[PDB]
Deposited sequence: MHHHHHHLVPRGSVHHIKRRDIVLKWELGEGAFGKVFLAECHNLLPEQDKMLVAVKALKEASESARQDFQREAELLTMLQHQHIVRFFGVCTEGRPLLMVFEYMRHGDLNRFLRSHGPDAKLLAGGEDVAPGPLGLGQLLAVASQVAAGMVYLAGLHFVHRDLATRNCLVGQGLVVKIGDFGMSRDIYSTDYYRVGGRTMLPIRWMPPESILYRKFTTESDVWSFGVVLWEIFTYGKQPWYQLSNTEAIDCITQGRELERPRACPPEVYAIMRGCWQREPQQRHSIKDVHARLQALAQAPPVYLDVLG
């Protein structure tokens, strides 16, 4: 499960939160082992009595999943960046086991894009789409620097918070986002993450449409293995499509580096290009 992160050896122990300091409110979602709740957390930060957090409750007992829980918590404790979901610690007193994250009020980025298509409501402008893209790229520059391979970068795995701050997480194969070497050989690297970033850029510029939406799962696997490229979105300026194409080079060693992709997006976000579909 976390075997691919073995080279990452944690420095310190995970933060422990007392069960009575977590007050569950309501479910935010489920899927992967298992439910996610909005909660209030007491005594976490010294200046604030209580604050909102998202709490993931582990389903299994198990005791193989308990070892996977401790390993995951030690790895998440290492991830400290403005654009990576903030992990606050665990609650291991009794059952279920809990993981606690900073709450991101606007929820997942895929749903956010779909709801703000063609917080201030309405369609997101070019400047805003570039700001979202730049933030996800910043998080990916941080992960590459740590030699952390994400393996499932997609807008459904990003969160939106107050002031449109975007952070990367992993909420639980994502074939449509994968390059040919990941589909065929299960090779997951910094370079397959940059390819998925190019697909995330395509999702952002299509307001959250599924990649290869015109194709079945089988047809999409075949089209990616054959080397067909995703079409340029209508809302995408030429400068941004060039970034996507750089991420999608068939040869992994020819793909643009995430540092350069992020620097290009920063430049465009601080501009933006004069483009109208």
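Numbering the deposited sequence from 1, one finds several regions with no C-alpha coordinates, namely 119-128, 183-200, 306-308.
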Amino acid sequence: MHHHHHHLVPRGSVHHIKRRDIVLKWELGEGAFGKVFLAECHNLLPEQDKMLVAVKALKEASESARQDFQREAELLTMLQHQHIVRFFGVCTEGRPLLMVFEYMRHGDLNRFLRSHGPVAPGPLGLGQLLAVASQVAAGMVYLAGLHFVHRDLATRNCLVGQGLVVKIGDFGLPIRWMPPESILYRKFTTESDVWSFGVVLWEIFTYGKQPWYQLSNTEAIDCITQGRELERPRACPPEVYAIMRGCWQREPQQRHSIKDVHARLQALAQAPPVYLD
From here on, numbers count along this sequence of modelled residues.
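Just so we're on the same page, rigid core means the largest C-alpha set that superposes within 1.5 Å between forms.
Taken in 9 other deposited structures of this protein and fitted on the core, 30-38 and 248-256 differ in how far their Cα atoms move from the shown form, and the one that moves more is 30-38. Superposing the other copies on the rigid core and comparing 216-224 to 237-245, farther C-alpha placement in 9 other deposited structures of this protein marks 216-224. Modelled in this chain, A61 is nonetheless absent from a third or more of the other compared entries whose models extend past it on both sides. Compared with other PDB entries of the same protein, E47 is missing from at least a third of those that resolve the residues around it. Of the two segments examined, 128-136 and 71-79, it is 71-79 that shows the higher average Cα temperature factor in the deposited entry. In this entry, 58-66 shows the higher mean Cα temperature factor of the pair 237-245 and 58-66. Ranking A32, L230, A220, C41 by the C-alpha B-factor listed in the PDB entry places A32 at the top.
When the C-alpha B factors of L97, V100, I183, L153 are read from the deposited coordinates, the top value falls at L97. For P252, the recorded CA temperature factor ranks within the middle third of the chain's modelled residues. Compared with the other modelled residues of the chain, the Cα B-factor recorded for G161 ranks in the middle third. Compared with the other modelled residues of the chain, the Cα B-factor recorded for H262 ranks in the lowest third. Annotation for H106: C-alpha temperature factor in the middle third relative to the rest of the modelled chain, per the entry. When the modelled residues of the chain are ordered by C-alpha B-factor, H116 sits in the highest third.
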